[PDB]
Structures are given as structure tokens and as C-alpha cells.
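Chemist: First piece of the complex, coordinates kept as in the full assembly:
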Amino acid sequence: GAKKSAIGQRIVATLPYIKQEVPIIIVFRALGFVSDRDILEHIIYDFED
């Protein structure tokens, strides 16, 4: 889908005992760090790139 291509590829993460793959943002929120900046710092140590 062109709309899906425009947003970009989604990094869904497989986990044990899950019916369908769970997106990284959702699993990160479940761990904690609800703020978007907190999720971003774990995913990318440097935001320069």
C-alpha cells in the first residue's frame, strides 16, 4: 500500500506467547518510559543521524 510505504516500514517485534507480532513502541510502553523521548533514547543512543 502506498500509504503504508509513505509512513515507512514498521519494526514489529516477535515475543513469546503472542498471537500476533507486537510493535516495538507498544512493548516499550508496557515496560515503562511512556514518554516518546524515553522510548527514542533506548531505540537510538545518538539522534545525530
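Modeler: Okay, I see it. Numbers count the residues shown, from 1 in each chain, chains lettered A, B, ... in the order given.
Chemist: show me where chain A has strands.
Modeler: A:12-13, A:22-23 (DSSP state E).
Chemist: Output these in CSV, with distance to residue A:41 and mean neighbour count appended to each entry.
Modeler: For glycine as for every other residue, the C-beta is placed from the backbone atoms N, C-alpha and C. What follows is the strands of chain A, written out as CSV (distance: least, C-beta to C-beta, whole Å; neighbours: other C-beta atoms under 10 Å):
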stretch, distance to residue A:41, mean neighbour count
strand A:12-13, 18, 14
strand A:22-23, 18, 13
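Chemist: Output the ones you listed as CSV; include the columns distance to residue A:37.
Modeler: CSV is the format used below for the strands of chain A (distance: least, C-beta to C-beta, whole Å):
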stretch, distance to residue A:37
strand A:12-13, 20
strand A:22-23, 18
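Chemist: Of those, give the one that comes closest to residue A:29.
Modeler: Residue A:29 lies closest to strand A:22-23 among the strands of chain A, at 9.7 Å (C-beta to C-beta).
Chemist: Show me the helices in chain A, by range?
Modeler: A:2-7, A:24-31, A:36-43 (DSSP state H).
Chemist: Tell me which of those helices sits nearest to residue A:13.
Modeler: helix A:24-31 (5.1 Å).
Chemist: wouldn't residue A:12 be in contact with residue A:21 here?
Modeler: Yes. With contact defined as C-beta atoms under 8 Å, residue A:12 reaches residue A:21; the gap is 3.7 Å.
Chemist: ok, now how distant is residue A:38 from residue A:12?
Modeler: 20 Å (C-beta to C-beta, to the nearest Å).
Chemist: what's the answer for residue A:1, then?
Modeler: Residue A:1 is 16 Å from residue A:12, by C-beta to C-beta.
Chemist: Need phi/psi at residue A:15.
Modeler: phi -130, psi 160 (degrees, to the nearest 10).
Chemist: for it, what are its contacts?
Modeler: A:22, A:27 (C-beta atoms under 8 Å, 6 or more residues apart in numbering).
Chemist: let's go with 10 Å and repeat that
Modeler: A:21, A:22, A:27, A:30 (C-beta atoms under 10 Å, 6 or more residues apart in numbering).
Chemist: How about the contacts made by residue A:40?
Modeler: Contacts of residue A:40 by C-beta under 10 Å, 6+ apart are A:25, A:28, A:33, A:47.
Chemist: Another chain to add, chain B:
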Amino acid sequence: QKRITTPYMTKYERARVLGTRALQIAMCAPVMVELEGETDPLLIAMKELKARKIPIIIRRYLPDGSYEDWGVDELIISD
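Modeler: One more piece, chain B, placed on the ones above:
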């Protein structure tokens, strides 16, 4: 003649006739051609085929089912 089937004996026909003649000799068939001091039925059978004195007629089956009858003398040895 007017027969599609070859007048010459086929190699498969030659093998069966030689086996049959040898089988008859071991059983105790009267010899059309006298053996040259041979106790081996196969050796006598080959000499009998060269003589063409064997009393065998071969029926050839066509696809339509027509039958061609060839005497051993009429047939020509493949070898």
C-alpha cells in the same frame, strides 16, 4: 508376400526359437538334423536353425490384429 512385417527373423524371434528347439531336444525331441556328437541341446538347436529344418511357424500380431505366419525356413536368421 505383401506383409509390412520383415521377412527376416527378428532377434527376439530367433532367441525364442533357439530356446524352444533346445527345450525340445532335452525333453527327447526327434532331431530333424543329426547332432555332431553334441550332448548340449543349445549347440544342436543353433545347427538346426542354420539347417532351417525346425518345424516351427511364427504368428506375428499386427496392431489391427491381422496375423502373419512365417515358417522357420522362410525366416532369415538375424545373425
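Chemist: now that chain B has been added, could you go back to the contacts of residue A:15?
Modeler: A:21, A:22, A:27, A:30 (C-beta atoms under 10 Å, 6 or more residues apart in numbering or on different chains).
Chemist: Next one: it relative to residue B:16, how far apart?
Modeler: 76 Å.
Chemist: what residue of chain B is the furthest out?
Modeler: Within chain B, residue B:64 marks the point farthest from the mean C-alpha position, 24.8 Å out by C-alpha atoms, centre = their mean.
Chemist: That residue belongs to a helix?
Modeler: No. Residue B:64 is assigned coil when assessed by DSSP: H, G, I helix; E, B strand; the rest coil, not a helix.
Chemist: how close does it sit to residue B:33?
Modeler: 37 Å.
Chemist: Please apply the same query to residue B:59.
Modeler: 24 Å.
Chemist: Residue A:6 too?
Modeler: 99 Å.
Chemist: quick one, which of those two is more surrounded?
Modeler: A side-by-side neighbour count of residue A:6 and residue B:33, using other C-beta atoms under 10 Å in any protein chain shown, places residue B:33 first with 15 against 7.
Chemist: Nearest residue to that one in space, please, no chain neighbours.
Modeler: Leaving aside its sequence neighbours, residue B:33 sits nearest to residue B:51 (C-beta to C-beta, 6 or more residues apart in numbering or on different chains; 4.3 Å).
Chemist: Residue B:9 versus the most centrally placed residue in chain B, what's the distance?
Modeler: When C-alpha atoms, centre = their mean is applied to chain B, the residue found nearest the centroid is residue B:17 (3.8 Å). For residue B:17, the distance to residue B:9 equals 7 Å [C-beta to C-beta].
Chemist: Mind listing the shared neighbours of the two?
Modeler: B:49, B:58, B:72, B:75, B:77.
Chemist: So which of these belong to strands?
Modeler: residue B:58.
Chemist: and the longest helix for chain B?
Modeler: helix B:11-27.
Chemist: Show me what that one is packed against.
Modeler: helix B:41-51, strand B:57-61 (3 or more C-beta pairs under 10 Å, 6 or more residues apart in numbering or on different chains; DSSP states H and E).
Chemist: elements contacting the shortest one?
Modeler: Counting by 3+ C-beta pairs under 10 Å, 6+ apart, the packing neighbours recorded for strand B:57-61 are helix B:11-27, strand B:67-71.
Chemist: can you state the direction angle for it and strand B:67-71?
Modeler: 160 degrees (axes from the mean of the first three to the mean of the last three C-alpha atoms, to 10 degrees).
Chemist: onto the same structure, chain C please:
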Amino acid sequence: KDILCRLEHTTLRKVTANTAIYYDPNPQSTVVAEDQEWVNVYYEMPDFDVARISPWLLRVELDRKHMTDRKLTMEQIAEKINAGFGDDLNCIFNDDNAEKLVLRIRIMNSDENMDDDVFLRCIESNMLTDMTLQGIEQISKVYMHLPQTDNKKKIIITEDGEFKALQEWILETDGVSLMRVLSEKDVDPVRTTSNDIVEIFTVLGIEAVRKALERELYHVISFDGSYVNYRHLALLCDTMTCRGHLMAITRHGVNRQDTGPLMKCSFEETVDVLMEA
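Modeler: Placed with the earlier chains, chain C looks like this:
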């Protein structure tokens, strides 16, 4: 080389050096300074501005070296992108003399009087992925080489009658697109052949596959240096094409046959066939 470029597939992403989005309410606003000089000549004659002016601007930069390699001109690309999109996309181009190649795109003004932001992004992404600017989609790349072998070289009969072999440049294309390549002009249909047996069946016909299969059997056996008589090769293709359709030598192919139920019983489908019989 020019025919090879026509055969080789090309897309918008390859030709464009980079693609960017800028906000320009008016051509006079000139958020980007460099485009203003060519834009100012465009500004003197307004086009499509009567209904409205587009706030969002799509700016495309094309590398000259990429255009030269594909023998593609920005003006021809602009007209083709406009075609089939109606007035939804409007494209303006730099003068050919100017070293930089820039395409400025404004969204249709009629709708103003899908979120315009993501719509511009969607049009830019969709065009880049599916541009199909030149070449055949089936063949990713075309390679040009000259063959030493006499059989590959063109063979003609001279007035003297001695056979003559003339080397001709030949093209090898990834994937199979026999029908499209033959359709293209300046291509010899008789000489061109496709490795895929199914491609031969679809265009050339079943008997052509039978000749090709015998040639393929000879070619593979010759490669290892073994020799097999023509009679054995001819029989294998003839039995395969006897049905008139391509059939693989597989259990399923044997299962569809005019053979009797006992043969099927020997083939491990005995329970179903015997009940049916």
C-alpha cells in the same frame, strides 16, 4: 548501447539525484533562493493560478549523469507524469542550459477551492516506486557482450558457398520476458530464444518446446562431455509432448493418464482407484 538502454528498466528514483518538499505559498515568495531565477521567468506568465495557488511545493533534483546514462530528458519525464494524472499534478522544469535540473510540482488548485501534506508525500513515493520510465519491468538489467562461438555468430551462405560467421553484439536479460523483447523493434524473433520451457509453450507453441527440449538435453549432455544418440533424446521430448500439454515427470503427472486401474494400484493410489473402478 542505445537499444540496450531502451531494453534496460529505469525508474524515477534512479534518474533523480534527490527529492525534497518545501512550503512555497507563491512563486514570488522564493523560500529556496536558487530556483527563483528560472521561476521568475515562469512567474511572468501565470498558469493554473486563476482558480487558486498551491501552498505545498514538491521540489525534485535530477543528476545530469543519471539522465545521460539512461538517455532520458527531464522535459519528456514532466509531460509523461502530467499525462494520466489530469491536472492533479503540475510540473515545471529548469532551462536545459542551467547545470542544475529541478522539477517544481504544485498540487491541483481545483480541490482547494486526503491531507495535502501526506498526499504530496504519497504521490512522490508512488511515482518513484512505479515510474516505469523506460525498459521492461520483467527484466531488471540488460548486459551487452560479443560471442566467440560461431553458432552464436550470425551465419550466412556466400556466393562461393563457404559458410561465413559474423560476430554480432548480443543482449542477456535477467528474468524471462520473451514476448516483450520480440515486440521491441530491431530485435530478431527467430534468433532470440528463452531458457524457460513454459515461455516457449506460451508464445512459440508445443512443437517448438519439443525441439527446444531435445536441444536442451543435447546441450546439458555435451557440457559434461558424454554422448547420447539423437533417437533417445527425440523419444523423451516426443513422449512428453504426445499429450499436447507440458507435463512434469512427477507422481501427479502419472496419476492423470489413460493407464488402467492396476497400474494406478501399483502407484500407491490403489484404494481410491479400485473403489472408483
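Chemist: Chain C added, so what about the contacts of residue A:15 now?
Modeler: Neighbours of residue A:15 in contact, by C-beta under 10 Å, 6+ apart: A:21, A:22, A:27, A:30.
Chemist: Let me see the backbone angles for residue C:107.
Modeler: Phi and psi for residue C:107, reported as degrees, to the nearest 10, are phi -70, psi 160.
Chemist: any idea which helix or strand carries residue C:43?
Modeler: helix C:36-44 (DSSP states H and E).
Chemist: list the buried ones in stretch C:258-272?
Modeler: C:264, C:269 (16 or more other C-beta atoms under 10 Å in any protein chain shown).
Chemist: residues making contact with that stretch?
Modeler: So stretch C:258-272 is contacted by C:243, C:251, C:254, C:255, C:257, C:273, C:274, C:276, C:277 (C-beta under 10 Å, 6+ apart).
Chemist: repeat that with 6 Å
Modeler: Stretch C:258-272 has contacts (C-beta atoms under 6 Å, 6 or more residues apart in numbering or on different chains) with C:273, C:277.
Chemist: Phi, psi for residue A:14 please.
Modeler: phi -70, psi 140.
Chemist: now do residue C:103
Modeler: According to degrees, to the nearest 10, residue C:103 has phi -110, psi 120.
Chemist: quick one: contacts of the top helix by length along chain C?
Modeler: Using DSSP H to define each element, chain C has its longest helix at helix C:206-224. Residues from elsewhere that reach helix C:206-224 (C-beta under 6 Å, 6+ apart): C:197, C:200, C:201, C:228, C:233, C:234, C:237, C:241, C:244.
Chemist: returning to what we had before: tell me the spacing between the residue farthest from the centre of chain B and residue B:4.
Modeler: For residue B:64, the distance to residue B:4 - C-beta to C-beta - is 10 Å.
Chemist: ok, which residues in chain C are in contact with chain A?
Modeler: Proximity of chain C to chain A, by C-beta under 6 Å from any C-beta of the partner chain, involves residues C:121, C:122, C:125, C:126.
Chemist: quick check, nearest of the residues you listed to residue C:86?
Modeler: residue C:126 (15.3 Å).
Chemist: Verify the stated contact: that closest one with residue A:1.
Modeler: No. Counting by C-beta atoms under 6 Å, residue C:126 sits too far from residue A:1 to count as a contact (10.0 Å).
Chemist: Over to residue B:77: give its phi and psi.
Modeler: With angles defined as degrees, to the nearest 10, residue B:77 sits at phi -60, psi 130.
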